file input_19.csv (CSV, C-alpha atoms and all ligand atoms)
chain,number,residue,atom,x,y,z
A,1,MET,CA,-46.7,-28.3,-84.5
A,2,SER,CA,-44.0,-27.4,-87.1
A,3,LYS,CA,-44.8,-26.7,-90.7
A,4,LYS,CA,-41.9,-27.9,-92.9
A,5,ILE,CA,-40.7,-26.4,-96.3
A,6,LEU,CA,-38.1,-27.7,-98.7
A,7,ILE,CA,-36.5,-25.3,-101.2
A,8,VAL,CA,-35.1,-27.1,-104.3
A,9,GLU,CA,-33.0,-24.4,-105.8
A,10,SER,CA,-29.4,-24.3,-106.9
A,11,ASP,CA,-29.3,-20.4,-106.7
A,12,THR,CA,-27.9,-20.5,-103.2
A,13,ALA,CA,-28.1,-16.8,-102.7
A,14,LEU,CA,-31.9,-16.7,-103.5
A,15,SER,CA,-32.5,-19.9,-101.5
A,16,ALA,CA,-30.9,-18.3,-98.4
A,17,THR,CA,-33.0,-15.2,-98.8
A,18,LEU,CA,-36.2,-17.2,-99.1
A,19,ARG,CA,-35.2,-19.4,-96.2
A,20,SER,CA,-34.6,-16.5,-93.8
A,21,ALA,CA,-38.0,-14.9,-94.7
A,22,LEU,CA,-39.9,-18.2,-94.2
A,23,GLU,CA,-38.0,-19.0,-91.0
A,24,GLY,CA,-38.7,-15.5,-89.7
A,25,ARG,CA,-42.4,-16.4,-89.9
A,26,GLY,CA,-41.8,-19.6,-88.0
A,27,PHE,CA,-41.5,-22.3,-90.7
A,28,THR,CA,-38.8,-25.0,-90.5
A,29,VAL,CA,-36.9,-24.8,-93.8
A,30,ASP,CA,-34.4,-27.1,-95.5
A,31,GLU,CA,-32.5,-26.5,-98.7
A,32,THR,CA,-31.1,-28.6,-101.5
A,33,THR,CA,-29.3,-27.8,-104.8
A,34,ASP,CA,-29.6,-31.4,-106.0
A,35,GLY,CA,-32.7,-32.0,-108.2
A,36,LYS,CA,-31.5,-35.5,-108.9
A,37,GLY,CA,-32.2,-36.8,-105.4
A,38,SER,CA,-35.0,-34.4,-104.7
A,39,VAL,CA,-38.0,-36.8,-105.1
A,40,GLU,CA,-36.5,-39.3,-102.7
A,41,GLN,CA,-35.6,-36.6,-100.2
A,42,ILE,CA,-39.2,-35.4,-100.3
A,43,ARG,CA,-40.4,-39.0,-99.7
A,44,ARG,CA,-38.0,-39.3,-96.7
A,45,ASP,CA,-38.4,-35.9,-95.1
A,46,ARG,CA,-42.0,-35.3,-96.0
A,47,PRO,CA,-42.1,-31.5,-96.2
A,48,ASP,CA,-45.5,-29.7,-96.0
A,49,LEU,CA,-44.5,-27.6,-99.1
A,50,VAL,CA,-41.9,-27.7,-101.8
A,51,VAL,CA,-40.5,-24.5,-103.4
A,52,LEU,CA,-39.1,-25.8,-106.7
A,53,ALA,CA,-37.0,-23.8,-109.2
A,54,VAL,CA,-37.2,-24.4,-113.0
A,55,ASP,CA,-33.6,-23.8,-114.0
A,56,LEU,CA,-31.6,-26.2,-111.7
A,57,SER,CA,-27.9,-27.2,-111.8
A,58,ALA,CA,-26.4,-30.4,-113.5
A,59,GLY,CA,-29.1,-30.4,-116.2
A,60,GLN,CA,-32.0,-30.8,-113.8
A,61,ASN,CA,-35.4,-29.1,-114.6
A,62,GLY,CA,-38.2,-28.1,-112.1
A,63,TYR,CA,-41.1,-28.9,-114.5
A,64,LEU,CA,-39.7,-32.4,-115.0
A,65,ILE,CA,-39.3,-33.0,-111.3
A,66,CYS,CA,-42.8,-31.6,-110.7
A,67,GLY,CA,-44.0,-34.1,-113.3
A,68,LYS,CA,-42.5,-37.0,-111.3
A,69,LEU,CA,-44.0,-35.8,-108.0
A,70,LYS,CA,-47.5,-35.2,-109.4
A,71,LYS,CA,-47.5,-38.6,-111.1
A,72,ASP,CA,-46.6,-40.3,-107.8
A,73,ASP,CA,-49.6,-41.6,-106.0
A,74,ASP,CA,-48.0,-41.0,-102.6
A,75,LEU,CA,-46.3,-37.6,-103.3
A,76,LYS,CA,-48.8,-35.9,-105.7
A,77,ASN,CA,-50.6,-34.5,-102.6
A,78,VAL,CA,-47.6,-32.5,-101.4
A,79,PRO,CA,-48.1,-28.8,-102.5
A,80,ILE,CA,-45.5,-27.5,-104.9
A,81,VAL,CA,-44.7,-23.9,-105.7
A,82,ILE,CA,-42.7,-23.4,-108.9
A,83,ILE,CA,-40.4,-20.4,-109.1
A,84,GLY,CA,-38.7,-19.2,-112.3
A,85,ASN,CA,-39.3,-17.5,-115.6
A,86,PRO,CA,-43.0,-16.9,-115.9
A,87,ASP,CA,-43.0,-17.4,-119.7
A,88,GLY,CA,-43.7,-21.2,-119.3
A,89,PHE,CA,-46.3,-21.1,-116.5
A,90,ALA,CA,-49.4,-21.0,-118.7
A,91,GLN,CA,-48.4,-24.1,-120.6
A,92,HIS,CA,-47.5,-26.1,-117.5
A,93,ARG,CA,-50.8,-25.3,-115.8
A,94,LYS,CA,-52.5,-27.2,-118.7
A,95,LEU,CA,-50.5,-30.4,-118.0
A,96,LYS,CA,-52.1,-33.0,-115.7
A,97,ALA,CA,-48.9,-32.9,-113.6
A,98,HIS,CA,-49.1,-29.2,-113.0
A,99,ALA,CA,-47.8,-27.6,-109.8
A,100,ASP,CA,-50.2,-26.1,-107.2
A,101,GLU,CA,-48.8,-22.6,-107.7
A,102,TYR,CA,-46.4,-20.6,-109.8
A,103,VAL,CA,-44.4,-17.6,-108.6
A,104,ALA,CA,-42.4,-15.5,-111.1
A,105,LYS,CA,-38.8,-14.7,-110.6
A,106,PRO,CA,-37.8,-12.2,-109.4
A,107,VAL,CA,-39.5,-13.7,-106.3
A,108,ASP,CA,-40.4,-11.3,-103.5
A,109,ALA,CA,-39.5,-13.1,-100.3
A,110,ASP,CA,-42.3,-11.5,-98.3
A,111,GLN,CA,-44.8,-12.4,-101.0
A,112,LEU,CA,-43.7,-16.0,-101.1
A,113,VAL,CA,-44.2,-16.2,-97.3
A,114,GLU,CA,-47.8,-15.2,-97.8
A,115,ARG,CA,-48.3,-17.6,-100.7
A,116,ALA,CA,-46.8,-20.4,-98.5
A,117,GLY,CA,-49.3,-19.5,-95.8
A,118,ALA,CA,-52.2,-19.6,-98.2
A,119,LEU,CA,-51.2,-23.1,-99.2
A,120,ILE,CA,-50.3,-24.7,-95.8
A,121,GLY,CA,-51.3,-22.1,-93.2
A,122,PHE,CA,-49.0,-20.0,-90.9
A,123,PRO,CA,-47.0,-21.1,-87.9
A,124,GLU,CA,-48.8,-20.7,-84.6
B,1,CL,CL,-35.4,-20.6,-112.4
call {"tool": "encode", "arguments": {"input": "input_19.csv", "output": "structure tokens"}}
result
Amino acid sequence: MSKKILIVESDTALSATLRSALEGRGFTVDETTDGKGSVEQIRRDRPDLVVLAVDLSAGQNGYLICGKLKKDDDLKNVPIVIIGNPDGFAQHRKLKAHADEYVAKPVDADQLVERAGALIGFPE
């Protein structure tokens, strides 16, 4: 009865750290550095939770990707945790297309594991 997480994050060092911690708890975890294809990957692979960074590579932006996901009638139900500079969190919460949760960088991997479990439950 696997719980699946996708990390959209071009900081591969951080993504690996987060992945190991989540996998340690029993989550299945995939990673992508590509924000451009992220929405369609989410539609294909159907993760139970998305961890989405703000500052992504090749001009991609987590708030904009979150916008597309939360305006999509099919995908707006998939929980999104935004990670990044906490400065912009308060503003984005006010938007209709806000994420489900916001975790400030520096992200504590153990803390994120607990926040993931609060959103989608823990592996059993
Ligand atoms: Cl970021």
call {"tool": "residues_near_ligand", "arguments": {"input": "input_19.csv", "ligand": "ligand CL 1 (chain B)", "cutoff": "7 Å", "atoms": "all atoms listed in the file", "output": "PyMOL selection string"}}
result
chain A and resi 53-56+83-85
call {"tool": "atom_distance", "arguments": {"input": "input_19.csv", "atom1": "CA of residue 47 (chain A)", "atom2": "CA of residue 122 (chain A)"}}
result
14.4 Å
call {"tool": "residues_around", "arguments": {"input": "input_19.csv", "residues": "residue 98 (chain A)", "least_positions_apart": "6", "cutoff": "12 Å", "atoms": "all atoms listed in the file", "output": "PyMOL selection string"}}
result
chain A and resi 62-71+76-77+79-82+88-92
call {"tool": "axis_aligned_box", "arguments": {"input": "input_19.csv", "around": "region 88-101 of chain A", "padding_each_side": "4 Å", "output": "AutoDock Vina command-line options"}}
result
--center_x -48.1 --center_y -27.0 --center_z -113.9 --size_x 16.8 --size_y 20.0 --size_z 21.4
call {"tool": "residues_around", "arguments": {"input": "input_19.csv", "residues": "residue 4 (chain A)", "least_positions_apart": "5", "cutoff": "6 Å", "atoms": "all atoms listed in the file", "output": "VMD selection string"}}
result
chain A and resid 28 to 29 47 to 48
call {"tool": "atom_distance", "arguments": {"input": "input_19.csv", "atom1": "CA of residue 106 (chain A)", "atom2": "CA of residue 75 (chain A)"}}
result
27.5 Å
call {"tool": "residues_around", "arguments": {"input": "input_19.csv", "residues": "residue 21 (chain A)", "least_positions_apart": "4", "cutoff": "12 Å", "atoms": "all atoms listed in the file", "output": "short mmCIF file (atom, residue, chain, number, x, y, z; two decimals) with C-alpha atoms, in the frame of the given file"}}
result
data_model
loop_
_atom_site.label_atom_id
_atom_site.label_comp_id
_atom_site.auth_asym_id
_atom_site.auth_seq_id
_atom_site.Cartn_x
_atom_site.Cartn_y
_atom_site.Cartn_z
CA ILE A 5 -40.70 -26.40 -96.30
CA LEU A 14 -31.90 -16.70 -103.50
CA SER A 15 -32.50 -19.90 -101.50
CA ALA A 16 -30.90 -18.30 -98.40
CA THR A 17 -33.00 -15.20 -98.80
CA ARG A 25 -42.40 -16.40 -89.90
CA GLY A 26 -41.80 -19.60 -88.00
CA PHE A 27 -41.50 -22.30 -90.70
CA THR A 28 -38.80 -25.00 -90.50
CA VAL A 29 -36.90 -24.80 -93.80
CA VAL A 107 -39.50 -13.70 -106.30
CA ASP A 108 -40.40 -11.30 -103.50
CA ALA A 109 -39.50 -13.10 -100.30
CA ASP A 110 -42.30 -11.50 -98.30
CA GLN A 111 -44.80 -12.40 -101.00
CA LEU A 112 -43.70 -16.00 -101.10
CA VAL A 113 -44.20 -16.20 -97.30
CA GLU A 114 -47.80 -15.20 -97.80
CA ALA A 116 -46.80 -20.40 -98.50
#
call {"tool": "decode", "arguments": {"input": "input_19.csv", "residues": "region 2-49 of chain A", "atoms": "C-alpha atoms", "output": "PDB file, in the first residue's frame"}}
result
ATOM      1  CA  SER A   2       2.747   2.411  -1.062  1.00  0.00           C
ATOM      2  CA  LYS A   3       2.582   6.172  -0.527  1.00  0.00           C
ATOM      3  CA  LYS A   4       4.341   7.968  -3.388  1.00  0.00           C
ATOM      4  CA  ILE A   5       6.179  11.310  -3.266  1.00  0.00           C
ATOM      5  CA  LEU A   6       7.672  13.364  -6.111  1.00  0.00           C
ATOM      6  CA  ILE A   7      10.379  15.924  -5.354  1.00  0.00           C
ATOM      7  CA  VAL A   8      10.546  18.724  -7.923  1.00  0.00           C
ATOM      8  CA  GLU A   9      13.908  20.276  -7.067  1.00  0.00           C
ATOM      9  CA  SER A  10      16.979  21.137  -9.155  1.00  0.00           C
ATOM     10  CA  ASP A  11      19.204  21.259  -6.031  1.00  0.00           C
ATOM     11  CA  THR A  12      20.160  17.595  -6.431  1.00  0.00           C
ATOM     12  CA  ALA A  13      22.144  17.524  -3.164  1.00  0.00           C
ATOM     13  CA  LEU A  14      19.112  18.627  -1.134  1.00  0.00           C
ATOM     14  CA  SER A  15      16.748  16.402  -3.131  1.00  0.00           C
ATOM     15  CA  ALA A  16      18.911  13.341  -2.357  1.00  0.00           C
ATOM     16  CA  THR A  17      18.917  14.183   1.367  1.00  0.00           C
ATOM     17  CA  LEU A  18      15.128  14.610   1.439  1.00  0.00           C
ATOM     18  CA  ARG A  19      14.649  11.420  -0.603  1.00  0.00           C
ATOM     19  CA  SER A  20      16.765   9.277   1.753  1.00  0.00           C
ATOM     20  CA  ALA A  21      14.875  10.535   4.825  1.00  0.00           C
ATOM     21  CA  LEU A  22      11.446   9.921   3.255  1.00  0.00           C
ATOM     22  CA  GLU A  23      12.515   6.506   1.922  1.00  0.00           C
ATOM     23  CA  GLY A  24      13.852   5.677   5.398  1.00  0.00           C
ATOM     24  CA  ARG A  25      10.290   6.114   6.684  1.00  0.00           C
ATOM     25  CA  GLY A  26       8.981   3.804   3.921  1.00  0.00           C
ATOM     26  CA  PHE A  27       7.784   6.273   1.275  1.00  0.00           C
ATOM     27  CA  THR A  28       8.444   5.582  -2.395  1.00  0.00           C
ATOM     28  CA  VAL A  29      10.214   8.682  -3.737  1.00  0.00           C
ATOM     29  CA  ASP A  30      10.944   9.969  -7.255  1.00  0.00           C
ATOM     30  CA  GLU A  31      12.988  13.057  -8.189  1.00  0.00           C
ATOM     31  CA  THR A  32      12.941  15.531 -11.068  1.00  0.00           C
ATOM     32  CA  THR A  33      14.995  18.657 -11.783  1.00  0.00           C
ATOM     33  CA  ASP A  34      12.712  19.547 -14.716  1.00  0.00           C
ATOM     34  CA  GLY A  35       9.919  21.978 -13.799  1.00  0.00           C
ATOM     35  CA  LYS A  36       8.831  22.280 -17.444  1.00  0.00           C
ATOM     36  CA  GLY A  37       7.570  18.668 -17.651  1.00  0.00           C
ATOM     37  CA  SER A  38       6.541  18.454 -13.981  1.00  0.00           C
ATOM     38  CA  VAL A  39       2.764  18.934 -14.386  1.00  0.00           C
ATOM     39  CA  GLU A  40       2.454  16.152 -16.984  1.00  0.00           C
ATOM     40  CA  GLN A  41       4.753  13.895 -14.941  1.00  0.00           C
ATOM     41  CA  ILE A  42       2.428  14.413 -11.962  1.00  0.00           C
ATOM     42  CA  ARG A  43      -0.587  13.589 -14.162  1.00  0.00           C
ATOM     43  CA  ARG A  44       1.121  10.385 -15.424  1.00  0.00           C
ATOM     44  CA  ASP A  45       2.721   9.083 -12.237  1.00  0.00           C
ATOM     45  CA  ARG A  46       0.105  10.356  -9.754  1.00  0.00           C
ATOM     46  CA  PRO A  47       2.180  10.918  -6.603  1.00  0.00           C
ATOM     47  CA  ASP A  48       0.338  11.210  -3.286  1.00  0.00           C
ATOM     48  CA  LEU A  49       2.402  14.312  -2.467  1.00  0.00           C
TER      49      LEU A  49
END
